[PDB]
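This report refers to the structure that appears directly beneath it.
There are 2 protein chains.
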Amino acid sequence: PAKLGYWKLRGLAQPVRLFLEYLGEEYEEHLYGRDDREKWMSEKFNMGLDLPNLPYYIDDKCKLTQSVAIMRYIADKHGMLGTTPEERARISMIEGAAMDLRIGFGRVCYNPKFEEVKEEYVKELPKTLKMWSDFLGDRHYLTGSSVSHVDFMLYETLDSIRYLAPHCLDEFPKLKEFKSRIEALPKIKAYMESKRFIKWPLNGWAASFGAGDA
Amino acid sequence: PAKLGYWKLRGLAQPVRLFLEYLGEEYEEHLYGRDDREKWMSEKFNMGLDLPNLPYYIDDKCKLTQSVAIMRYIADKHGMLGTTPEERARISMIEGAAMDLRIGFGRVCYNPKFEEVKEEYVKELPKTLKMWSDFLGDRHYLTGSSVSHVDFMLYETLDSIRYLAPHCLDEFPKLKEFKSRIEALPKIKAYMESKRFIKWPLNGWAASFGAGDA
Ligand SMILES: N[C@H](CCC(=O)N[C@@H](CS)C(=O)NCC(=O)O)C(=O)O
Ligand SMILES: N[C@H](CCC(=O)N[C@@H](CS)C(=O)NCC(=O)O)C(=O)O
Numbered sequence: 002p003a004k005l006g007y008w009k010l011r012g013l014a015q016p017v018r019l020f021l022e023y024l025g026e027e028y029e030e031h032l033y034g035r036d037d038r039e040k041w042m043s044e045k046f047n048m049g050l051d052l053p054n055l056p057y058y059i060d061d062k063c064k065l066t067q068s069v070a071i072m073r074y075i076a077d078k079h080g081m082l083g084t085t086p087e088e089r090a091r092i093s094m095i096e097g098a099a100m101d102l103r104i105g106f107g108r109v110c111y112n113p114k115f116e117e118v119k120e121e122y123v124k125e126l127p128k129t130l131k132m133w134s135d136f137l138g139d140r141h142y143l144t145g146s147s148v149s150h151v152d153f154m155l156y157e158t159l160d161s162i163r164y165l166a167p168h169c170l171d172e173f174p175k176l177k178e179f180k181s182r183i184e185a186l187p188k189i190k191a192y193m194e195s196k197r198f199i200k201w202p203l204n205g206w207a208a209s210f211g212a213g214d215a
Numbered sequence: 002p003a004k005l006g007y008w009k010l011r012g013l014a015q016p017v018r019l020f021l022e023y024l025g026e027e028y029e030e031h032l033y034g035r036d037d038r039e040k041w042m043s044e045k046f047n048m049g050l051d052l053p054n055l056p057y058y059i060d061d062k063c064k065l066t067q068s069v070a071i072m073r074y075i076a077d078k079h080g081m082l083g084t085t086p087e088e089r090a091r092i093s094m095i096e097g098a099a100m101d102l103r104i105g106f107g108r109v110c111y112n113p114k115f116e117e118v119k120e121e122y123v124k125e126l127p128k129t130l131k132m133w134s135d136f137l138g139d140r141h142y143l144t145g146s147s148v149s150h151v152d153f154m155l156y157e158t159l160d161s162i163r164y165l166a167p168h169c170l171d172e173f174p175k176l177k178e179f180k181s182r183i184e185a186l187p188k189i190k191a192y193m194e195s196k197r198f199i200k201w202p203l204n205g206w207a208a209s210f211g212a213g214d215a
């Protein structure tokens, strides 16, 4: 059974964990916590990761790091990243704007004074989701008609704002229907109820928004 | 001739512009400026980019966006992103820590009070470059022995700190020799002197560090 490390936090281990349940890989999970930043620290340089970090992926064959890198290569195992250079480019281009989001926000989800930086950024939040949904146009999923790794990227970001921007999450139609579809899919849906799902937090205890223990 | 859009700024168009000169693609350049955020704004939704942004790449075949996405697909044209899923994963994993840098800093390069956030982060700066160079181990280039797209990513970030952390840029041996090698390579080196090279700034006029007109 593979292995996905990270602390009990939706952090950036959600899409990657979701992507595994969707593609039912019997993986193991290496959870972390607050009582364990040090419990982790000392280990950060043992599992031997060319570029240590979290979430880390341990395989009998590969030892990768980087949420995305820990997804991309797990997509090749199922050859999902397309085939033709053209189309193979549209898959990454998306994860580009899939991190553009979480990144442009992640920096602001642990700092005390996020609020100030939060206050006016919502001016652009509809804008980003203006082209994000406009782009979602009318298709079933991000890249066409079949759930690809990038789709859970953009999903966990939405259900992420569903906790501090619902007023605007509803502001956009298409993207609204979206959230439900992923929540619809088979084991994904069942996962969203299983004994091994991470509900709260969604950013990490040590933070003001989306953070917290319970 | 292809096309790479961005304002006269090393921004995130340097590695991608460098990667093209290395692989001598006869590209065109769509420069932007301060007198042109609006000159750009109005155009942001015309060249038809599923997910508008900068730097944008215009081809007769593909219209991509995202510095990296604008690089990856331009690597497939030269099939450089490896071949075996295993090795093909090590290429992205790197660009992961190639953005980890510029990102963990980019957020801090335009804000007035970066200094405060700059002050103590340098505590980790050696750490990151501790495993960044340790990883660079003893090989010619990041991914083995041949300059891949990820190599200019990590190069422009170093020559980026060469302007506000030299004290520490020297702190690390390996990575130190590095900067010179890229500067060594053929047309890359010649590019670092050509009539079409971007010297200053390296982050964007509207900013305190690395920014500025002249
Ligand atoms: N962009 C992230 C880079 C990693 C990252 O910054 N890791 C965080 C999550 S916010 C971690 O928990 N850091 C622990 C560490 O510094 O050792 C990725 O692709 O994994
Ligand atoms: N991570 C960047 C996302 C884009 C980005 O944030 N673009 C900036 C550069 S700092 C741009 O100049 N923005 C113009 C815009 O908002 O239209 C990428 O891959 O291109």
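So the sequences go chain by chain: X and Z.
Residues 2 to 215 (UniProt numbering) are what the first sequence spells out, left to right.
Residues 2 to 215 (UniProt numbering) are what the second sequence spells out, left to right.
Note that beta-carbon positions come from the ideal geometry of N, C-alpha and C, so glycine has one too.
Beta-bridge pairing of residue i - partner residues as DSSP gives them
i, result
"residue 29 (chain Z)", "Z:4"
"residue 235 (chain X)", "Since the first and last residues shown for chain X are 2 and 215, residue 235 (chain X) lies out of range."
"residue 64 (chain X)", "X:59"
Nearest neighbour of residue i, chosen from the options [CA to CA]
i, options, result
"residue 85 (chain X)", "Z:157, Z:184, Z:165 and Z:77", "Z:77"
"residue 94 (chain Z)", "X:139, X:51 and X:192", "X:51"
"residue 58 (chain Z)", "X:185, X:90, X:25 and X:11", "X:90"
"residue 160 (chain Z)", "Z:147, Z:179, Z:39 and Z:119", "Z:179"
"residue 37 (chain X)", "X:205, X:211 and X:209", "X:205"
"residue 44 (chain X)", "X:210, X:7 and X:12", "X:7"
"residue 103 (chain Z)", "Z:157, Z:212 and Z:10", "Z:157"
"residue 140 (chain X)", "X:114, X:82, X:182 and X:212", "X:182"
"residue 42 (chain X)", "Z:49, Z:71 and Z:128", "Z:128"
"residue 155 (chain X)", "X:125, X:83, X:92 and X:187", "X:92"
"residue 66 (chain Z)", "X:79, X:96 and X:81", "X:96"
Whole-angstrom distance between residue j and residue i, CA atom to CA atom
i, j, result
"residue 176 (chain X)", "residue 136 (chain X)", "10 Å"
"residue 197 (chain Z)", "residue 34 (chain Z)", "16 Å"
"residue 64 (chain Z)", "residue 26 (chain Z)", "16 Å"
"residue 152 (chain X)", "residue 195 (chain X)", "21 Å"
"residue 68 (chain Z)", "residue 107 (chain Z)", "14 Å"
"residue 143 (chain X)", "residue 173 (chain Z)", "43 Å"
"residue 18 (chain X)", "residue 5 (chain X)", "8 Å"
"residue 20 (chain X)", "residue 150 (chain X)", "6 Å"
"residue 146 (chain Z)", "residue 162 (chain Z)", "24 Å"
"residue 202 (chain Z)", "residue 166 (chain Z)", "16 Å"
"residue 130 (chain Z)", "residue 171 (chain X)", "43 Å"
"residue 53 (chain Z)", "residue 133 (chain X)", "10 Å"
"residue 16 (chain Z)", "residue 40 (chain Z)", "25 Å"
"residue 47 (chain Z)", "residue 62 (chain Z)", "17 Å"
"residue 191 (chain X)", "residue 31 (chain X)", "21 Å"
"residue 105 (chain Z)", "residue 119 (chain Z)", "11 Å"
"residue 71 (chain Z)", "residue 98 (chain X)", "13 Å"
"residue 199 (chain X)", "residue 87 (chain Z)", "29 Å"
"residue 114 (chain Z)", "residue 101 (chain Z)", "21 Å"
"residue 13 (chain Z)", "residue 209 (chain X)", "31 Å"
"residue 60 (chain Z)", "residue 187 (chain X)", "39 Å"
"residue 215 (chain Z)", "residue 116 (chain Z)", "21 Å"
"residue 222 (chain Z)", "residue 126 (chain X)", "The structure shown does not extend to residue 222 (chain Z), since chain Z is modelled only from 2 to 215, so the question has no answer here."
"residue 193 (chain Z)", "residue 81 (chain X)", "39 Å"
"residue 121 (chain X)", "residue 138 (chain Z)", "45 Å"
"residue 83 (chain X)", "residue 9 (chain X)", "32 Å"
"residue 79 (chain Z)", "residue 148 (chain X)", "29 Å"
"residue 49 (chain X)", "residue 49 (chain Z)", "44 Å"
Integer Cβ distance of residue i from residue j, believed to fall under 8 Å
i, j, result
"residue 28 (chain Z)", "residue 2 (chain Z)", "6 Å"
"residue 111 (chain X)", "residue 185 (chain X)", "The pair is not a contact, with the Cβ atoms about 32 Å apart (cut-off 8 Å)."
"residue 23 (chain Z)", "residue 189 (chain Z)", "5 Å"
"residue 164 (chain Z)", "residue 211 (chain Z)", "6 Å"
"residue 123 (chain Z)", "residue 169 (chain Z)", "6 Å"
(message) I need the residues with a C-beta less than 6 Å from some heavy atom of ligand 2; please give them in chain order.
(response) X:97, X:101, Z:12, Z:13, Z:45, Z:54, Z:55, Z:67, Z:68 and Z:69
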